[PDB]
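**Q** Dropping in structure_11.tsv, which is TSV, C-alpha atoms and all ligand atoms:
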chain	number	residue	atom	x	y	z
J	1	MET	CA	-2.49	18.90	-4.73
J	2	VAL	CA	-3.08	16.73	-1.67
J	3	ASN	CA	-1.67	13.33	-0.76
J	4	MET	CA	-4.38	11.47	1.18
J	5	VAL	CA	-1.81	9.15	2.77
J	6	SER	CA	-0.66	10.09	6.28
J	7	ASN	CA	3.11	9.92	6.87
J	8	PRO	CA	3.53	8.82	3.22
J	9	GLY	CA	7.34	8.79	3.30
J	10	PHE	CA	7.74	7.23	6.76
J	11	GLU	CA	9.67	10.35	7.79
J	12	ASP	CA	7.67	10.30	11.04
J	13	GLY	CA	8.63	6.63	11.50
J	14	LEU	CA	5.63	4.31	11.75
J	15	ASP	CA	3.20	7.07	12.81
J	16	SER	CA	-0.30	6.59	11.31
J	17	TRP	CA	0.55	3.09	10.01
J	18	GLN	CA	-1.00	-0.07	11.46
J	19	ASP	CA	1.42	-2.99	11.89
J	20	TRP	CA	-0.57	-6.19	11.39
J	21	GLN	CA	2.11	-8.88	11.80
J	22	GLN	CA	4.68	-7.00	13.95
J	23	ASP	CA	7.13	-7.11	11.04
J	24	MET	CA	7.52	-3.42	10.14
J	25	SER	CA	10.26	-0.91	10.93
J	26	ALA	CA	11.12	2.59	9.72
J	27	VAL	CA	14.80	2.43	8.81
J	28	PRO	CA	17.35	4.28	6.62
J	29	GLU	CA	18.14	1.18	4.50
J	30	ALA	CA	14.57	1.34	3.18
J	31	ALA	CA	14.63	5.04	2.27
J	32	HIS	CA	14.04	6.07	-1.34
J	33	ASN	CA	13.53	9.72	-0.39
J	34	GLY	CA	14.21	11.53	2.87
J	35	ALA	CA	15.92	9.74	5.75
J	36	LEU	CA	13.60	6.76	6.30
J	37	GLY	CA	11.58	4.13	4.50
J	38	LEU	CA	9.44	1.18	5.53
J	39	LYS	CA	11.11	-2.22	5.86
J	40	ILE	CA	8.81	-5.23	5.95
J	41	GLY	CA	10.97	-8.13	7.16
J	42	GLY	CA	11.31	-11.25	5.01
J	43	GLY	CA	10.47	-14.87	5.82
J	44	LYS	CA	6.70	-14.62	6.38
J	45	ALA	CA	3.71	-12.81	4.83
J	46	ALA	CA	3.22	-9.43	6.50
J	47	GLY	CA	1.96	-5.91	6.02
J	48	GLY	CA	0.29	-2.80	7.35
J	49	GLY	CA	-1.94	0.04	6.31
J	50	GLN	CA	-4.30	2.86	7.14
J	51	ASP	CA	-7.94	3.87	6.70
J	52	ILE	CA	-8.47	6.57	4.09
J	53	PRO	CA	-11.90	8.18	3.68
J	54	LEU	CA	-12.30	8.69	-0.07
J	55	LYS	CA	-14.81	10.87	-1.91
J	56	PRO	CA	-17.52	9.10	-3.95
J	57	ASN	CA	-17.53	9.37	-7.78
J	58	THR	CA	-13.92	10.57	-7.66
J	59	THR	CA	-10.87	9.60	-9.70
J	60	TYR	CA	-7.66	8.86	-7.79
J	61	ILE	CA	-4.10	7.91	-8.51
J	62	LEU	CA	-2.33	5.34	-6.34
J	63	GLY	CA	1.47	5.10	-6.55
J	64	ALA	CA	4.49	3.92	-4.57
J	65	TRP	CA	8.21	3.21	-4.72
J	66	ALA	CA	9.34	-0.29	-3.74
J	67	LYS	CA	12.13	-2.84	-3.96
J	68	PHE	CA	13.03	-6.20	-2.46
J	69	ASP	CA	16.61	-6.59	-1.20
J	70	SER	CA	16.87	-10.08	-2.77
J	71	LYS	CA	14.86	-11.97	-5.43
J	72	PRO	CA	11.35	-12.69	-4.07
J	73	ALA	CA	9.14	-15.73	-4.66
J	74	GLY	CA	5.90	-13.74	-4.59
J	75	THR	CA	5.12	-10.02	-4.60
J	76	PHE	CA	4.69	-6.89	-2.54
J	77	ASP	CA	1.32	-5.26	-3.17
J	78	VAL	CA	0.08	-1.70	-2.67
J	79	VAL	CA	-3.70	-1.85	-2.50
J	80	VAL	CA	-6.79	0.29	-2.09
J	81	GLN	CA	-9.64	-1.96	-0.98
J	82	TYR	CA	-13.30	-1.43	-0.04
J	83	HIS	CA	-16.80	-2.86	-0.42
J	84	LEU	CA	-19.39	-1.56	-2.87
J	85	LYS	CA	-22.66	-0.49	-1.22
J	86	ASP	CA	-25.05	-2.94	-2.85
J	87	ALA	CA	-27.12	-5.96	-1.76
J	88	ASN	CA	-23.95	-8.09	-1.65
J	89	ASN	CA	-21.21	-5.72	-0.43
J	90	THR	CA	-18.99	-6.82	-3.35
J	91	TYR	CA	-15.32	-6.42	-2.44
J	92	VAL	CA	-12.97	-4.55	-4.78
J	93	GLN	CA	-9.18	-4.28	-4.74
J	94	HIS	CA	-7.08	-1.87	-6.82
J	95	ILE	CA	-3.69	-3.55	-6.79
J	96	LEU	CA	-0.12	-2.59	-7.67
J	97	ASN	CA	2.23	-5.60	-7.76
J	98	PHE	CA	5.99	-5.28	-7.15
J	99	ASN	CA	8.71	-7.95	-7.39
J	100	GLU	CA	11.66	-5.81	-8.48
J	101	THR	CA	15.08	-5.75	-6.80
J	102	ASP	CA	15.80	-2.18	-7.94
J	103	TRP	CA	13.83	0.86	-6.76
J	104	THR	CA	10.69	0.88	-8.90
J	105	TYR	CA	7.79	3.33	-9.14
J	106	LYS	CA	4.34	2.07	-10.15
J	107	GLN	CA	0.99	3.79	-10.35
J	108	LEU	CA	-2.64	3.09	-11.19
J	109	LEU	CA	-5.89	5.02	-11.69
J	110	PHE	CA	-9.30	4.21	-10.19
J	111	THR	CA	-12.71	5.82	-9.81
J	112	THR	CA	-14.73	5.35	-6.63
J	113	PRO	CA	-18.41	4.29	-6.62
J	114	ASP	CA	-21.39	6.52	-5.77
J	115	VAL	CA	-21.70	4.82	-2.37
J	116	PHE	CA	-19.14	2.84	-0.32
J	117	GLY	CA	-19.97	-0.42	1.48
J	118	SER	CA	-17.03	0.10	3.85
J	119	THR	CA	-14.27	2.63	4.59
J	120	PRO	CA	-11.46	2.29	2.03
J	121	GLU	CA	-8.22	0.86	3.35
J	122	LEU	CA	-4.76	1.38	1.97
J	123	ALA	CA	-2.84	-1.86	2.45
J	124	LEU	CA	0.87	-2.48	2.02
J	125	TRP	CA	0.90	-6.27	1.74
J	126	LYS	CA	4.12	-8.26	1.41
J	127	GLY	CA	2.60	-11.67	0.63
J	128	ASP	CA	6.02	-12.99	-0.46
J	129	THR	CA	7.38	-15.74	1.80
J	130	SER	CA	11.01	-15.70	0.59
J	131	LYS	CA	13.89	-14.46	2.76
J	132	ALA	CA	13.84	-11.14	0.86
J	133	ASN	CA	13.17	-7.95	2.81
J	134	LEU	CA	10.78	-5.41	1.31
J	135	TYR	CA	11.47	-1.67	1.16
J	136	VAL	CA	8.63	0.75	0.39
J	137	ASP	CA	8.60	4.56	0.45
J	138	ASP	CA	6.70	7.59	-0.88
J	139	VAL	CA	3.19	6.18	-1.13
J	140	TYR	CA	0.76	8.45	-3.02
J	141	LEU	CA	-3.02	8.57	-3.06
J	142	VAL	CA	-4.07	11.71	-4.89
J	143	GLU	CA	-7.39	13.00	-6.27
J	144	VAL	CA	-6.95	14.11	-9.89
F	201	LIG	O1	-3.08	-9.30	12.32
F	201	LIG	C1	-3.85	-8.56	13.24
F	201	LIG	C2	-4.52	-7.39	12.53
F	201	LIG	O2	-5.19	-7.89	11.38
F	201	LIG	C3	-5.77	-6.90	10.56
F	201	LIG	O3	-6.38	-7.49	9.40
F	201	LIG	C4	-5.45	-7.65	8.35
F	201	LIG	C5	-4.98	-9.11	8.26
F	201	LIG	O4	-4.16	-9.43	9.36
F	201	LIG	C6	-4.19	-9.38	6.99
F	201	LIG	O5	-2.93	-8.76	7.09
F	201	LIG	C7	-4.91	-8.82	5.77
F	201	LIG	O6	-4.02	-8.95	4.65
F	201	LIG	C8	-4.74	-8.91	3.44
F	201	LIG	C9	-4.42	-7.61	2.71
F	201	LIG	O7	-4.94	-6.48	3.40
F	201	LIG	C10	-5.00	-7.64	1.30
F	201	LIG	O8	-6.40	-7.56	1.36
F	201	LIG	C11	-4.58	-8.92	0.58
F	201	LIG	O9	-5.23	-8.94	-0.69
F	201	LIG	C12	-4.55	-9.76	-1.61
F	201	LIG	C13	-5.36	-11.01	-1.93
F	201	LIG	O10	-5.51	-11.82	-0.79
F	201	LIG	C14	-4.71	-11.80	-3.06
F	201	LIG	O11	-3.49	-12.36	-2.61
F	201	LIG	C15	-4.43	-10.91	-4.27
F	201	LIG	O12	-3.71	-11.68	-5.23
F	201	LIG	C16	-3.82	-11.20	-6.55
F	201	LIG	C17	-2.49	-10.54	-6.95
F	201	LIG	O13	-2.28	-9.35	-6.22
F	201	LIG	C18	-2.45	-10.25	-8.45
F	201	LIG	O14	-3.43	-9.29	-8.78
F	201	LIG	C19	-2.72	-11.52	-9.25
F	201	LIG	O15	-1.68	-12.46	-9.07
F	201	LIG	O16	-3.96	-12.07	-8.83
F	201	LIG	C20	-4.09	-12.40	-7.45
F	201	LIG	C21	-5.50	-12.95	-7.24
F	201	LIG	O17	-5.63	-14.16	-7.94
F	201	LIG	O18	-3.69	-9.77	-3.87
F	201	LIG	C22	-4.34	-8.97	-2.91
F	201	LIG	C23	-3.53	-7.69	-2.71
F	201	LIG	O19	-2.43	-7.92	-1.86
F	201	LIG	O20	-4.90	-10.07	1.33
F	201	LIG	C24	-4.33	-10.13	2.62
F	201	LIG	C25	-4.79	-11.43	3.27
F	201	LIG	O21	-3.93	-12.46	2.83
F	201	LIG	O22	-5.26	-7.47	5.96
F	201	LIG	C26	-6.14	-7.25	7.04
F	201	LIG	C27	-6.56	-5.79	7.01
F	201	LIG	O23	-7.35	-5.57	5.86
F	201	LIG	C28	-6.85	-6.15	11.33
F	201	LIG	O24	-7.94	-7.02	11.57
F	201	LIG	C29	-6.30	-5.61	12.65
F	201	LIG	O25	-7.37	-5.13	13.45
F	201	LIG	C30	-5.51	-6.66	13.43
F	201	LIG	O26	-4.82	-6.02	14.48
F	202	CA	CA	11.09	8.37	3.06
Could you render the structure from this file as structure tokens?

**A**
Amino acid sequence: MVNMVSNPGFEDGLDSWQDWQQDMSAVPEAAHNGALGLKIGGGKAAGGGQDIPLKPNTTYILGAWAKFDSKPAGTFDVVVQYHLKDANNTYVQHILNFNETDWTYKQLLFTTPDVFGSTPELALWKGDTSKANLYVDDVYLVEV
């Protein structure tokens, strides 16, 4: 069994993760497992992610642990996103939504198309604009 996500538990800090809004830190307060987790700071929409080459016609599971440290207004989303390879490059997003203030695990299943329009991206997107900080850890993307 292989997790496609690089540094999936943030145990190597922010290695392999893009920081899009300069609002990410690998800290112990955000750890669900191991010593570190990802904190996305509250107050503005922010996130990060990584490119993950996926196999065509393949079924995957996407899962993650998350919690906000205070009640949020919006959500924190764990997303696999890519274009289909057709005349339109239709955009598809497989989305997990979190708004819980206790550590919560969520997972989904998806099957990739025969051809990709773009390289799949794993996005950790804290669209919430409340003061709440977001903790995320142990992100899984696994072929089943
Ligand atoms: O900033 C410099 C770097 O930017 C990089 O590009 C980033 C960009 O900055 C931004 O962070 C962007 O963030 C997007 C997320 O990646 C993701 O695609 C997200 O998708 C959202 C939808 O927008 C929408 O909100 C959707 O709502 C759903 C709910 O989730 C739910 O299902 C239900 O309520 O229905 C709703 C729809 O009605 O949720 C999606 C999942 O979160 O949108 C974000 C934009 O707001 O990501 C870019 C990377 O992809 C790079 O360009 C980099 O090079 C720069 O350095
Ligand atoms: Ca961890």

**Q** Just want the residues within 9 Å of ligand LIG 201 (chain F), written as number ranges by chain, counting only C-alpha atoms and all ligand atoms.

**A** J: 18-22, 45-50, 74-81, 93-97, 121-127

**Q** Enumerate residues in contact with ligand CA 202 (chain F): an atom-to-atom distance of at most 10 Å, counting all atoms listed in the file. Format the result as a ChimeraX atom specification.

**A** /J:7-13,26-28,30-38,65,136-139

**Q** Please list as a PDB file with C-alpha atoms, in the coordinates of the input every residue within 7 Å of residue J:112, counting all atoms listed in the file and excluding residues in the same chain fewer than 2 positions away.

**A**
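Below is the file result_22.pdb, written as the result:
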ATOM      1  CA  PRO J  56     -17.520   9.100  -3.950  1.00  0.00           C
ATOM      2  CA  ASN J  57     -17.530   9.370  -7.780  1.00  0.00           C
ATOM      3  CA  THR J  58     -13.920  10.570  -7.660  1.00  0.00           C
ATOM      4  CA  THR J  59     -10.870   9.600  -9.700  1.00  0.00           C
ATOM      5  CA  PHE J 110      -9.300   4.210 -10.190  1.00  0.00           C
ATOM      6  CA  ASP J 114     -21.390   6.520  -5.770  1.00  0.00           C
TER       7      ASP J 114
END

**Q** Choose the residue, out of J:116, J:23, J:53, J:108, that has the smallest atom-to-atom separation from residue J:90; count all atoms listed in the file.

**A**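 Of J:116, J:23, J:53, J:108, the one nearest residue J:90, counting all atoms listed in the file, is J:116.
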
**Q** Near residue J:82, within 7 Å and counting only C-alpha atoms, which residues show up once chain neighbours fewer than 4 positions away are dropped, as a list in words?

**A**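 With the cut-off at 7 Å, the set is residues 91, 92, 93, 117, 118, 119, 120 and 121 of chain J.
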
**Q** How far is it from atom CA of residue J:5 to atom CA of residue J:88, in Å with one decimal?

**A** 28.4 Å

**Q** How many Å lie between atom CA of residue J:132 and atom CA of residue J:51, rounded to one decimal?

**A**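 Computing the Euclidean distance for atom CA of residue J:132 and atom CA of residue J:51 yields 27.1 Å.
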
**Q** Name the closest residue to residue J:109 among the candidates J:24, J:73, J:144, J:2; distances are taken between atoms, counting all atoms listed in the file.

**A**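 Using all atoms listed in the file, the shortest distance to residue J:109 belongs to J:144.
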
**Q** Just need the box for stretch 41-57 of chain J, edges along x, y and z, holding every atom the file lists for it with 3 Å tacked onto each side, so centre and edge lengths in Å to one decimal, as lines of an AutoDock Vina configuration file.

**A**
center_x = -3.1
center_y = -2.0
center_z = -0.2
size_x = 34.8
size_y = 31.7
size_z = 21.1

**Q** So how many Å separate atom CA of residue J:111 and atom CA of residue J:87, to one decimal?

**A**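 Atom CA of residue J:87 lies 20.3 Å from atom CA of residue J:111.
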